[PDB]
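Student: Below are the structure tokens for one structure; questions will follow.
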Amino acid sequence: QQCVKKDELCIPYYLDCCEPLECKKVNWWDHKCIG
């Protein structure tokens, strides 16, 4: 699947972010793209 831009949501164990971001939890409830 496509990547994910930083600041954009996402789902752990489903989609992944572009790079070097990481499609995971950005906080404790909101899941987006990090690094």
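Each chain in the structure tokens gets a letter, A, B and so on, in the order shown; residues start at 1 in every chain, and ligands are counted from 1 in the order they appear.
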Please return, as number ranges by chain, all residues of chain A that DSSP assigns to strand (DSSP E or B) on the basis of the backbone.

Tutor: A: 9, 23-25, 31-33

Student: Fewer than 2 positions away in the same chain doesn't count, so skip those; otherwise give me all residues within 10 Å of residue 16 in chain A, counting only C-alpha atoms, as a VMD selection string.

Tutor: chain A and resid 1 to 5 10 to 14 18 to 19 21 to 24 32 to 33

Student: Export, as a tab-separated table (two decimals), in the first residue's frame, the selected residues with N, CA, C and O atoms.

Tutor:
```
chain	number	residue	atom	x	y	z
A	1	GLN	N	0.82	-1.20	0.00
A	1	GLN	CA	0.00	0.00	0.00
A	1	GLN	C	0.86	1.27	0.00
A	1	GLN	O	2.05	1.23	0.30
A	2	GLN	N	0.24	2.39	-0.36
A	2	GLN	CA	0.95	3.67	-0.43
A	2	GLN	C	1.51	4.05	0.93
A	2	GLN	O	1.23	3.41	1.94
A	3	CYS	N	2.31	5.11	0.94
A	3	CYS	CA	2.92	5.60	2.17
A	3	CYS	C	1.94	6.42	2.98
A	3	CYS	O	0.72	6.33	2.80
A	4	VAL	N	2.48	7.24	3.87
A	4	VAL	CA	1.68	8.12	4.72
A	4	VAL	C	2.47	9.37	5.07
A	4	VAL	O	3.59	9.28	5.57
A	5	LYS	N	1.89	10.52	4.80
A	5	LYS	CA	2.53	11.79	5.08
A	5	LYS	C	2.48	12.12	6.57
A	5	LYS	O	1.50	11.81	7.25
A	10	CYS	N	-3.30	7.02	10.83
A	10	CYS	CA	-2.89	5.70	10.38
A	10	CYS	C	-3.39	4.64	11.36
A	10	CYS	O	-4.14	4.95	12.28
A	11	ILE	N	-2.97	3.40	11.15
A	11	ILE	CA	-3.39	2.32	12.03
A	11	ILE	C	-2.27	1.31	12.25
A	11	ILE	O	-1.73	0.74	11.30
A	12	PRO	N	-1.91	1.07	13.52
A	12	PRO	CA	-0.85	0.12	13.88
A	12	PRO	C	-1.23	-1.31	13.53
A	12	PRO	O	-2.23	-1.84	14.01
A	13	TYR	N	-0.42	-1.93	12.67
A	13	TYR	CA	-0.67	-3.31	12.25
A	13	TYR	C	-1.56	-3.34	11.01
A	13	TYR	O	-2.20	-4.34	10.72
A	14	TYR	N	-1.59	-2.22	10.29
A	14	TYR	CA	-2.40	-2.12	9.08
A	14	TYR	C	-1.64	-1.41	7.97
A	14	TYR	O	-1.13	-2.06	7.05
A	18	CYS	N	5.34	6.83	4.87
A	18	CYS	CA	6.36	6.94	3.84
A	18	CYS	C	7.75	6.69	4.42
A	18	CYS	O	8.22	5.55	4.46
A	19	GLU	N	8.40	7.76	4.86
A	19	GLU	CA	9.74	7.66	5.43
A	19	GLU	C	10.35	9.05	5.63
A	19	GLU	O	10.11	9.96	4.85
A	21	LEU	N	9.19	8.56	8.45
A	21	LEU	CA	8.08	8.51	9.39
A	21	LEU	C	7.71	7.06	9.73
A	21	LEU	O	8.20	6.13	9.10
A	22	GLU	N	6.86	6.90	10.73
A	22	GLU	CA	6.42	5.57	11.16
A	22	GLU	C	4.92	5.55	11.42
A	22	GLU	O	4.43	6.19	12.35
A	23	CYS	N	4.19	4.82	10.59
A	23	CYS	CA	2.74	4.71	10.73
A	23	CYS	C	2.37	4.03	12.04
A	23	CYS	O	2.13	2.82	12.08
A	24	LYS	N	2.31	4.81	13.11
A	24	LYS	CA	1.96	4.28	14.43
A	24	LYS	C	1.28	5.34	15.28
A	24	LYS	O	0.81	6.36	14.77
A	32	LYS	N	-1.09	8.37	13.99
A	32	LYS	CA	-0.73	9.00	12.73
A	32	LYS	C	0.67	8.59	12.29
A	32	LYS	O	1.11	7.47	12.55
A	33	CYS	N	1.35	9.50	11.62
A	33	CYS	CA	2.69	9.25	11.12
A	33	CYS	C	3.73	9.96	11.98
A	33	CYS	O	3.61	11.16	12.25
```
